[PDB]
Structures are given as structure tokens and as C-alpha cells.
């Protein structure tokens, strides 16, 4: 049953709607928080924003990297002088089930293939109830980061599955995402040993450690890709996150920005803690008319199950070729200051993914890209037809948080400048 953030602090002059889509049978209760474009809701496209985890709430990006408002000690909203809906209506879903605000009594989602499945059921609902997003011929895109870089392709296939479809997808945006583990995975050491912008954060000794450990971790990936089994995929994960994620973590440098630190336990970004705060508060929780009792950012379990199901390590990068092959323009961008999902890593997977324009894309040339708004070089281009890879300069795990000007700049000009950079 839907309410209106209307009553809430958040974005005014707009026209924001929020609440829940119900899925009877499965007893699945989706939660979303929407916003009309700040410009003209009628022409301006629509956008599905996706956060990662797995098992983390999307309101997170909303009050923190690319929404209308943020949250300060005063647990009082704050206008974004660079929001994503500056020029488009946006949707903030809480997938999967039991994440942030959504829920169920008994379900699953112990994996990706299936999260998609609930997504398409909700998008199809939602588009019904707010058919003011379509008819008018409103470009629909989905976007996200990190883990959503597993979701995203898979969720996309899914939607493009139905010809039955109650709506159209026009493109996708994946930032600081984990997509082709097998290939991204070697980008660990280089990125942390003085080869990707910032300088070597680890003694040479730790660095060789990574190299020894690699060969064994990559074949584990390979087995998982070819078998897709629990028996290879799970250990592939642990083994790899081990040999590879860990050492960096020992330094205690934020995993999301090698520049800034965050030491073991406490926040790598504290302000978030404030965010989990404004959501639980009694007024806040009310307006939204969210049927849950306690809002947590990430749900341990889901994460565990994903991990315990082989997930993290399955070859979802395969869908990107079908997509590319079915003329679906795609944007892969990365803040070059994140370790978890390096632009080093994300470039190269893109640089070798397969699709018709394969030899072409590998032939294209890198080009410095200026931002629309600020008129300054802002990152680094590789463009080919409807496939583009953008290295975003001065970008950390959430590009829209570190350099918001630039994000919207990347954003809008992609959302609007014809699926090219």
C-alpha cells in the first residue's frame, strides 16, 4: 500500500512517490522510493538504481551518492546540488527480498538468476501502476554498482526475455562493478602495488604473495565458470578473496578508496552510520509507510547465502555478449580510486569481452573525455557503437559521491547525449 514521501523532508517541488509492490503468491513485498525528474517528467527517462552487497539497501545510494538528499548528524535531510534526477525520474528498489526495507516470511533469493526473477515481477507491477512512465515513450534504463555488476546483466536478460513485456529497456549503467571475476581478479595486485594511479600500498613481499596465490585462484575461477557448481565456486571465492582481498585489508586502507583510509571494523565511511539512523527514526519510517520493524543496511544472511551458493564466482559476464549482441547500448564506468572494483580490472574485462564489434572495440583508441558541466577532463574514453568504457578520474567506490559534478555530467550526457561518450 503506497504512501507519499510528500509528507517527508526530502525533494520538494518534484513529486515523489514511495511504498510497496506486493507479490501475493510468492508473498514477496518489494519496497521502492521514487522521484519525478526535476525537469519534465514526461520527456525525461526513467532509471532503476541498484546497489550491491549482496544484500545491501538501495536507499544507501540515495542518501549518499546520487540522490536528492543526504543525511548529517542532525539526521536532517540535505539538498543535492548534483542529484541524478536533475534530469530524469528515478527508482530506488530494495532488492533483494529482506533487504533494507523489503521483506517476506519465507523465501529464497540465495542467488542471482532468481533475484532478476523477482525484479521483473516488480518492474512489470510498478509500470502498471505508474503507466505515466511509459506511453509518453520514456527511455528506461537500469543502473548500479559493484555486485550489481552480477545482477545487472542477468536482470537485463531476464527482462528482455519477455516479449510479453509491459515496458522497454533502453540501456544499462554499471559502475565500480564485479562482473567478470575471472578476468578482473588479476587486477588486484597491480592495482594495489603502484600501478593504477595511487601508489603501492603494499610491501613487495605482500605483492609477490599475491602473484603466487594467483595461478591457483584463477583455475578455481575457471572451474567454477565451466561447471557452475557449488563445489568449485564456493572455494574459489574464499580462496581468492583470501589471497587477494585480504592483504590490502590488512593495511586498513578503505577498500573503496585507496587514498583515504579506514582501519579494521569501524567505518570506511562513517556518515553511513548516520544514514541507518534517519531510516529507523519514527517519523522517517512512518511517511514511507514501510511495513518493517528494523532497518538494517545489509542483511548478513542473504550475503552468506549468496556466498554459500557459488554466486560471486559465476560467469555473468556471458550475458553482456548477448546484450551487446542484441544491440543494447552499455556503459561500464569506474572511479579510478577504488580497490574493490578497480578501473584496471573493469577496463580489461571490457577490453576482452566478446560480442560482434569485438575486433573493432579492441581497435578503438582511448580518449580524454571532458565533462559536460565543469568543462574539465574528467576521465578516460574507449567508445564503440553502443559499448563504452569510461575510466572516471578522481573516482572512488561510488563515483557520484566523490565527484558529483562529473557523475551527472557522465550521467546525463549518456542518459541524453545518444549512448556515446
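Residue numbers count along the first chain shown, from 1.
The mean C-alpha temperature factor is higher for 162 to 170 when 162 to 170 and 327 to 335 are set side by side.
Of the two segments examined, 196 to 204 and 343 to 351, it is 196 to 204 that shows the higher average Cα temperature factor in the deposited entry. Reading the B-factor column for the CA atoms of 390, 378, 46, 62 in the entry, the top value corresponds to 46.
Of all the options 315, 310, 77, 252, the entry's greatest CA B-factor is assigned to 77. In the deposited entry, the Cα temperature factor of residue 306 places it in the lowest third of its chain's modelled residues.
Sort the modelled residues of the chain by CA B factor and residue 399 lands in the lowest third. For residue 259, the recorded CA temperature factor ranks within the middle third of the chain's modelled residues. For residue 118, the recorded CA temperature factor ranks within the middle third of the chain's modelled residues. Annotation for residue 180: CA B-factor lies in the lowest third of the chain's modelled residues.
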